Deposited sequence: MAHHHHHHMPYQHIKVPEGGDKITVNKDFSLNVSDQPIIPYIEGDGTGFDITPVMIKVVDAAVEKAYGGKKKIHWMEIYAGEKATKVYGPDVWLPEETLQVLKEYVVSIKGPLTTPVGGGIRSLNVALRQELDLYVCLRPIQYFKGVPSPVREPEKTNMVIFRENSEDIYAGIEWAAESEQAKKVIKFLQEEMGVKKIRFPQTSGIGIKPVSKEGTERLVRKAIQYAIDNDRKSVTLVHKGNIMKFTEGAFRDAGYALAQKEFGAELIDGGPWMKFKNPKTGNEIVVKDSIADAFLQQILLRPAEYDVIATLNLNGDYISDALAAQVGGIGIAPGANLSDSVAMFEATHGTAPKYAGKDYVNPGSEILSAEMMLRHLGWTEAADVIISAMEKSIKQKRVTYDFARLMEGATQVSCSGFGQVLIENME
């Protein structure tokens, strides 16, 4: 490669024909530092993960970290305006499992570009409440959910044209004259965006959500959509999701529908497949959080829901996330780059750390992942935490970003 150094003491992860992974005791894991606060967080994440791997496996296993480049640091290494090097994309695919810090874009989203170029069609966002975390809501412990957000289509496709541009004028002309569209209120000054939602995109996402409910013995899968206004996109997501539940999982209607249920083939438990209109859902996650579990939704809805839920559990700064295809997994910090805090060793490294926890569990290294959860639980209860938590607690000891890393490692004992 041009600027990538492959660790010679490591082994490349390989994907079996059934999509299971071959992970050695010495796997290579590519990482992207991230813009801004990625500078502060990345070394702390690596140190914490290495410590957890050491604790769980007594030195037999070790991660061989391989730096690859995206965003500002990529432009510095590769040259002006090389924000996403071709070889970064190739390595992400070839080495299978990776982790990234936050990315920005100069004045389309590099984050979205990664998900789309690599066809990482699942955005996976677990929502859990850690005891002792200050929350804006009365009963945050009642929230335990897993969001499956569709990552490859919807209005996130980036298909749009600016008002009064020749391209926008042409599309509006087509819509008015060829399609007979009369519903554009102000055609003279309208920007136009396109929203594609497919049976194929819906089905692969919903399949993953339902299979996750089976594999992890979850109670329900809720299809979240705004299908009463967007009948042929959001409504179609709902329709195809229910159809797949019926066909592939043998779900049957509850009281003539629209909800369904089937028996978990691995545990025997009942799994309800239901649906919520997106606006109502934002109400019900607050009012009746215990009624929801696995969520399957579209790209835009998933964005809003994931953020609302992270806020609800007081976890804005520690929300983990993954972007998955059948054969590539990229784990990520879920917050912004926070440029005014960059280099100041101040922000919470918890998000990338818990995304690394997800990564370890994906590798089959569940023992090491459990070590991280234990450390996090203990550190929060001790109130030895970064400013973002400390400020909302009583009697807390405020620590630096790297300092929180040290607190976590201590709490692995």
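Counting the deposited sequence from 1, the stretches lacking C-alpha coordinates are 1 to 10, 118 to 121.
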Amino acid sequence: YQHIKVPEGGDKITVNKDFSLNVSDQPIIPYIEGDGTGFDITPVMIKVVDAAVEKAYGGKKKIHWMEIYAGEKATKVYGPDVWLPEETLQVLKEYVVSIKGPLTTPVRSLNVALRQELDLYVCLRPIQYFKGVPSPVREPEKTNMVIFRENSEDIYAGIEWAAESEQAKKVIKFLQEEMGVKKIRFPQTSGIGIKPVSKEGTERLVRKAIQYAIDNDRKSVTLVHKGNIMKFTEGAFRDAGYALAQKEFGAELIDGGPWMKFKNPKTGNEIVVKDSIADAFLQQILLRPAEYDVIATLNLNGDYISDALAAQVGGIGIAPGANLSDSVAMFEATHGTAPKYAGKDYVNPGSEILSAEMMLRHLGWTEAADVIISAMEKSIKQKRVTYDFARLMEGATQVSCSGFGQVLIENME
From here on, numbers count along this sequence of modelled residues.
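Relative to one another, 249 to 257 and 91 to 99 have unequal mean CA B-factors, and 249 to 257 is the one with the higher figure. Higher mean CA temperature factor between 171 to 179 and 295 to 303: 171 to 179, per the PDB entry. Within the group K378, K47, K344, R361, the record's highest C-alpha temperature factor is found at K344. Of the candidates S198, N216, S327, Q312, it is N216 whose Cα B-factor is highest according to the PDB record. Among the modelled residues of the chain, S152 sits in the middle third by CA temperature factor in this PDB entry.
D119 sits in the middle third of its chain by CA B factor, as recorded in the PDB entry. When the CA B factors of the chain's modelled residues are split into thirds, the value for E86 lands in the highest one. Split the chain's modelled residues into thirds by C-alpha temperature factor. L354 is in the lowest one. In the deposited entry, the Cα temperature factor of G241 sits in the middle third of values across the chain's modelled residues.
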